[PDB]
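The chain contents come next:
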There are 4 protein chains.
Amino acid sequence: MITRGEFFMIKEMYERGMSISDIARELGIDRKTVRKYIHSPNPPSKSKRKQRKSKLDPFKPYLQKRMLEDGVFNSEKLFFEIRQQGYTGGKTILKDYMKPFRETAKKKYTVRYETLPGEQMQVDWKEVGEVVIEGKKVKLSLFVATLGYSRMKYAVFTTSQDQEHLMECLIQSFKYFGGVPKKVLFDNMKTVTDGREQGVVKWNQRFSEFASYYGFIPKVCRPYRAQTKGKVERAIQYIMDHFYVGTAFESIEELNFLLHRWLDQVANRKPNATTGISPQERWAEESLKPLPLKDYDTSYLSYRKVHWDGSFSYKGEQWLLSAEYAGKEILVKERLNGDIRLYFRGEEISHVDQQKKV
Amino acid sequence: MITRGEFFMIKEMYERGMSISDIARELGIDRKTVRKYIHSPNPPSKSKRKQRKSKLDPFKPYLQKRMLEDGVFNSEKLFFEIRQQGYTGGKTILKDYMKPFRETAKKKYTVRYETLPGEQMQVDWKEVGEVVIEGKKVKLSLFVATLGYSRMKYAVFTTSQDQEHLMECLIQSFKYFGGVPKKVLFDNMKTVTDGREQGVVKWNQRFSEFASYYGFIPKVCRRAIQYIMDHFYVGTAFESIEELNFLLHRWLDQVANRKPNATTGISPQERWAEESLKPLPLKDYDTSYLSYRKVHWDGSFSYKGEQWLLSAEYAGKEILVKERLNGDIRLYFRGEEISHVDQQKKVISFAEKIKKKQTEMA
Amino acid sequence: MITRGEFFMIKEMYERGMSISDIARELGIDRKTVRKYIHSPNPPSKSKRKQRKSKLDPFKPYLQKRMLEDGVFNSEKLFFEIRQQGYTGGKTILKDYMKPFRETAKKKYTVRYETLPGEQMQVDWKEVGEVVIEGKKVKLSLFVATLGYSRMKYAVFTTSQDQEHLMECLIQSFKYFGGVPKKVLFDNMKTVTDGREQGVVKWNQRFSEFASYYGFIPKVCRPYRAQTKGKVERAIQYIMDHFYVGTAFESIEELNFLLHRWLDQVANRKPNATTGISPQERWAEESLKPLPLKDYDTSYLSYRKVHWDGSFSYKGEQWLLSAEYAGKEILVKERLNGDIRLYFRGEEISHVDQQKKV
Amino acid sequence: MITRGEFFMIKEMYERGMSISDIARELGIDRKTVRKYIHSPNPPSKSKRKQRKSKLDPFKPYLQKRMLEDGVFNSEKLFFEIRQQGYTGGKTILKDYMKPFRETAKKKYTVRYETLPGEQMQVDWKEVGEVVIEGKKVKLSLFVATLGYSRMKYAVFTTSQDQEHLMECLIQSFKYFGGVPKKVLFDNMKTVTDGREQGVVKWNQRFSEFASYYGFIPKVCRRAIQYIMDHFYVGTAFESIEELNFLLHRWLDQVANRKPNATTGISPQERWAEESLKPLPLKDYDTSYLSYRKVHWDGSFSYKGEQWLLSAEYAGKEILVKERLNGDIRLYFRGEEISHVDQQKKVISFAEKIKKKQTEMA
DNA sequence: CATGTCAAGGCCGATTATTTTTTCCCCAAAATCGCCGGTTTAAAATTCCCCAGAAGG
DNA sequence: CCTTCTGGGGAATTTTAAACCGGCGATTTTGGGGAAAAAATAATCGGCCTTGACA
DNA sequence: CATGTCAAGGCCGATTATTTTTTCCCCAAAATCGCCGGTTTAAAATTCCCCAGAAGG
DNA sequence: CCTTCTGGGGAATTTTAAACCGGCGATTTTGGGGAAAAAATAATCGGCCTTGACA
Ligand SMILES: [Mg+2]
Ligand SMILES: [Mg+2]
């Protein structure tokens, strides 16, 4: 099959009026081919034909069943399996036929969705790994909060993912935004959800009362479907692939301060690809309504019996309580920072006098 | 030879009643020349001399080989070579014998032929300069087609010199001139040929399809632009590209294609009127930008910064996004055209399209 | 610069004896270029020149320090970092310069080694994942043993990686091979090693006495360097990428039997790439010396006080012991399979009479 | 014209003492023709007639354009065209005027020229059949070079028709013939040109370097093999390829290159003796298979099934593994040659090389 | 002594089978080209009258 | 002193050569059908090289 | 209501700067080609003697 | 009856035409140097599209 140059030359020659024989002689082409290409508006082209039958055709349904349902993409395993079924072919066929399927595996169809301003705050955790601070190992964890409409990323590094730490980071994110969105999206975790009841979302009483105090509602997604919170997950693959990779830190406060400056610099004002607008100039389009702060900092610790005069001794210091506690046993809760609380039957004692009779 | 009139007179005198021998004695010519020319059926014209043998006939095949394949026309190199091969002649013979072939070879370079009606259309490009459209700089380009015979010029401003703009401007030129010419010749450029090797050219696929659809043949082989720029663009007021093209076409119709040449004294209009352009097809070629685009598994496929969302039926596949020069986008999936999605000519954020599809589906 | 075709044509024409001017006219090339190419044994070529200076050159040492020591390969992070240092360039330079480094990162140089016959048996574990058998979840684990010289892979699926299970699988592999190699290579695990002592390999007393009983020596590799046992690790990436992917099983014995048949079919006789010889025809070139089998199947369970007559009751059945145990408390060890043992002060009682007085 | 002898006699008679008027009266020729031819310095030869005007001179440029660019030589198409353009003549004029150009164009196809000494070497390939070497089948191929002038044939058996075998066999042919010819012409094949487009050819890089190192030029343009196979290979006993090549060269030296042609009556040996081959360079080209190979980070890089181990200095890089046809392997890393690793011609397992390096390093 | 290894997938090349395209051969019909002879046109040559110079009555 | 002859120039006609036109014979070209060969595309089989994954 | 998303890397194209190659113009020198005239060679034509046929003394 | 003239054939020489050789004049070609333009390679900057990763 001659190429486009020869066809254009032939058309030129005939339009010039030359004899077919002279065209054939000069172009080194037969006269009949010249004739064919005279009256042919279609120039030479690859002209792909229809795929014909193949040795693998009768086995293709089984190959598809193995590939999709079972999930097999090893060329030789399927070759061995179908050799027992009468396959009289080689392995390159199987590799070539399977290449598209293995290239397009574990990929479903997904529905893109955007929510309304101030009505979806995605929140997620991440165990970054193991780091050494002051010679002591710690399992550091990112906590990330992304506002759905504005994509206003906020992140904080913590040492534990306890309920108290979760609530503290959530409040920090809220005051960072300036308001509490009505719906907060989370993942299936013990703190957020006690469990499941026949596919019914369940939330812990503590978290429910916390949210009622702060006027938001959890909206945990489908179990085992963590793709739902794509915003926060990709905000976590941005922090990790832009900030942590190459970060030098010595103190946790230093790292958090580095992260917040990095956020305000590039993470909160870089024009988002999908929205095309900087997050900071859409962070003011979300309804806000803040509230004061509260916490439940407590640790189950030693007890002390209160004398009949209302005085009890702790670490050599004298503490006086109301006469109602005289003769009863109380729980003294001292944290590593020196904060001291007193409890009785699980209720915090709000009135305490510290008489420094050392 | 001898006078023909003498031969005819001798024949008549023999037929007059005079003995041949007496004729020979009187005329001082033998009786047998008289006898030979008496039976002459026709007058003795130029003697038939048969291929007088020369002094280089044996080497004629060698010299022809040299000239026609080796290409050597000097009369000294080959003179020495034939001397080595046993040549007993001189130089004038070789010079005279090669002179026809020498002039034939020279004529290959004296290309001073005239283009005949409808034969070829010469096309030229140009960077007009730098202009600002909607606050963005752009290197606008002039595109000038020129009929070889009528000399008329069709000029237009286009942002890009890409293949699609080339095809659209060729269509416009054919419409303006009322038909198509046999051959269309350009300057060596990527949109036409994918390189050349000094005598042969590798034509493009889409360009060749276009050319054979409009019945012309491309030709990239090895001023009007500068005149247009010096006489129209300089000192011209315009704020729109469409208005500028309108003004250029008006100027062309008034005082460019109707400007008589000093030598010929005829305006281009009459020359075009006496021109032969083959008809133009009933419909026009689809010069829409042809671009294959993979559609992500979420349906979001991006084209020139605009991310369109499709349905799950065609997610994960590659589709041909034909973009018409006007701005309309047509998506074809394995030949089966898909519903024309919203094509409002206002670049909008992808989240807006997410919302649009989310509300439309439900 | 003309191409090879033009240069060859020019050489042809001059060898033919043509004038320089005629060559120039016919080829459409200037006479001086023709002259240059007449006497030039070097034909036209790409002729790559030397790379010149670049805006990024003064910053390249810092980029290399970030890439290798810190380990940063994000284009924009380094762009931002070096923009503050006076970089007046774009980002494509940085991406292009960094592409080779990111393509060749986390790759050291490694020394290939082969050991002598019957002197290295690599052994490793793997937690395959979570599977459901009879409606009950189980954390299945591969145990793989590869003989260094023969590459004679053996594998067994287990439900736990306890010390007893480890020893049982090791013995099964040994009897599969027919002999105990002198050196057995393991990984840093609690069962194999109690701990570390200033970079000194330490082994548990139980495992040490076990190996002495079976006449082999542990040869645990460098800590944190699990690359040392490449043979077993790739034997584990062969089982997973050839057998488990697409395996249907309902009972653990069925799965182990499937695996052993698959081994004997393709895993033990497929010609190894490096050695070029089937493992089965080099499995007979390794020294062997087996020994009988032993185990420590015990479970800490309930106790029973022995009466003064030597009889004690368990689950309604009467058991008689030697008079030495009269009046003492013993430990009855009953497994789920009904195996019953008796212990006293940690020592198993070997003499017991079961009087079925039900 | 009139007789020159008459003019000379008249001049002498006037110089003899006879009045011009009396001469005119006697000869029946005017006195003034006599006067004109009396002062003749040289005899009156062919009259100088100046470019007799024809009936198609205005159209001569058009006809030349048609013939030399359009290529149309028919005397009917152009006859009608010139009739349209106002042609008042006939057909014989056009036929005769084109006959020179027609025969010149025809001569482009009557390629019946003789190859002169040393000019071109015609090379041909062949699949000899199927043979078994060391228990493995192989499609051996014959390679036959042929001098255009001397007609001698150099034939050799090679397993592969790859480029390196081609270069080695060309070197052997040049050594056998004692020099190199100007041009070497092959059949269209991948090892020489990367495709052609009917008039132009894209030569290879290594092949061109080789050709310009041995001072010849390739030429792929558009029997001896079959004779060799029918007269030597049929009914031949051999168990080695080297022995077969030795026997073929012996046969060529005895009764193939010394077999007189019936027509010429001369053996090829004398024709070669009277041949001009340009000298051969002092050294030979390196036709070692050029293959770039990435070296894994463990130093194990594989070539044709053999996995060699290198040192950490060159681990992770790509090296050029030049394989000489003999079997030796030379590794070059960015120009700096590396120590020639063990190259025993016995394919050995990779574990053996692991052991070798492990014991050598320590 | 401590030392990383093995396999799978993809790509390239070669071989075989089917389909499409190109090339070659024979018979019949048509068209064009070349050579020779005759005629026509253009160019060249020759001859016929007046002015000037030289020679002879 | 004068007359005649000769030489040169101009115009017209004739002759010769070249070119042009028509007819005949030979050769070449074009169209259609059949068979064989070559080229292009798709399918099939085996081997080699490099990279990746569990660590 | 429940619905996956965002960024980074690589590639392509365009623009700018530096280096290499190619092309063009002017002056001086050298070589080759073409035309005209003269000479030589080959081919063609013509003329000069013997045999045959026809006509006239 | 016979003699003379005419026609045809063969050979040699001469004439004409074509071709060949040498010299002169004109034109074309080649080599070197300088300047300008174009092409190729390397470097630089911005944008777009697709894929991958934490889930
Ligand atoms: Mg492990
Ligand atoms: Mg998560």
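Residues numbered from 1 in each chain as written, not as in the entry; some residues may be left out. Chains lettered and ligands numbered in written order. Heavy atoms only, no water.

1. Digging into the interface of chain B and chain A
On the chain A side, the residues contacting the 29 residues of chain B number 24 residues. Carbon and sulfur atoms make up 58% of the surface buried where chain B meets chain A, a total of about 2,300 Å² over both sides. Taken together, chain B and chain A are joined by two salt bridges. The partner of B:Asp298 in a salt bridge is A:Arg112, and the shortest N-O contact between them spans 2.7 Å. Applying the counting rule to chain B against chain A returns nine residue pairs in polar contact. It is helix α12 (residues 350-361) of chain B that provides the largest number of residues to the side of chain B that touches chain A, a total of six residues. Residue classes in the side of chain B that touches chain A are distributed as 14 nonpolar, ten polar and five charged. (Contact = heavy atoms within 4.5 Å. Buried area = accessible area lost by both parts, 1.4 Å probe. Salt bridge = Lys/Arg side-chain N within 4 Å of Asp/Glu carboxyl O. Polar contact = N/O pair within 3.5 Å; in protein donor to acceptor, adjacent residues only side chain to side chain. Helix = DSSP H or I, 4+ residues; strand = E, 2+ residues; numbered from the N terminus. Nonpolar A, V, L, I, M, F, W, Y, C, P; charged D, E, K, R; others polar.)

2. Digging into the interface of chain D and chain B
The interface is formed by 16 residues belonging to chain D together with 16 residues belonging to chain B. A buried area of about 1,500 Å², summed over both sides, lies between chain D and chain B, and 66% of it is on carbon and sulfur atoms. Viewed at the interface, chain B and chain D are joined by two salt bridges. For D:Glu119, the salt bridge identified is with B:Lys65, shortest N-O distance 3.0 Å. Partitioning the side of chain D that touches chain B into residue classes produces five nonpolar, three polar and eight charged.

3. A short note on the pairing of strand β1 (residues 120-127) of chain D
Residues and elements named next belong to chain D. In terms of strand pairing, β1 meets strand β6 (residues 183-186) through three bridges, oriented parallel. Note on β6: the bridge partner recorded for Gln122 is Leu185. For β1 and strand β4 (residues 141-147), the ladder comprises seven bridges, and the chain directions are antiparallel. The residue bridging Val123 from the neighbouring strand is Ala145, located in β4. (Pairing = 2+ DSSP bridges.)

4. Details of the protein's contact with DNA strand G
Neighbouring residues of DNA strand G: 57 residues in total, closest A:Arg112, A:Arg234, B:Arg52, B:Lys139 and C:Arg102. Per the 4 Å cut-off to the protein, sugar and phosphate atoms form 73% of the nearby atoms of DNA strand G. Within the contact set of DNA strand G, a phosphate oxygen lies 2.5 Å away from a backbone nitrogen or oxygen of A:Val111. Sorting elements by how many residues they give to the surface near DNA strand G places helix α9 (residues 230-244) of chain A first, with six residues. Partitioned by chemical class, the residues of the surface near DNA strand G number ten nonpolar, 16 polar and 31 charged. (Near = heavy atom within 4 Å.)

5. Some thoughts on the sheet that holds strand β10 (residues 340-344) of chain A
Residues and elements named next belong to chain A. Read from one edge of the open sheet, four strands run β6-β9-β10-β11, paired in antiparallel fashion. Among the strands making up the open sheet, the edge pair consists of β6 (303-305) and β11 (347-349). Strand-to-strand twist across the sheet, computed as the mean angle between neighbouring axes with direction ignored, equals 40 degrees. Of the pairings in the sheet, the one linking β10 to β11 comprises three bridges and is antiparallel in character. The residue bridging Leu342 from the neighbouring strand is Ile349, located in β11. (Axes fitted to C-alpha atoms, helices over the stretch in contact; angles between N-to-C directions.)

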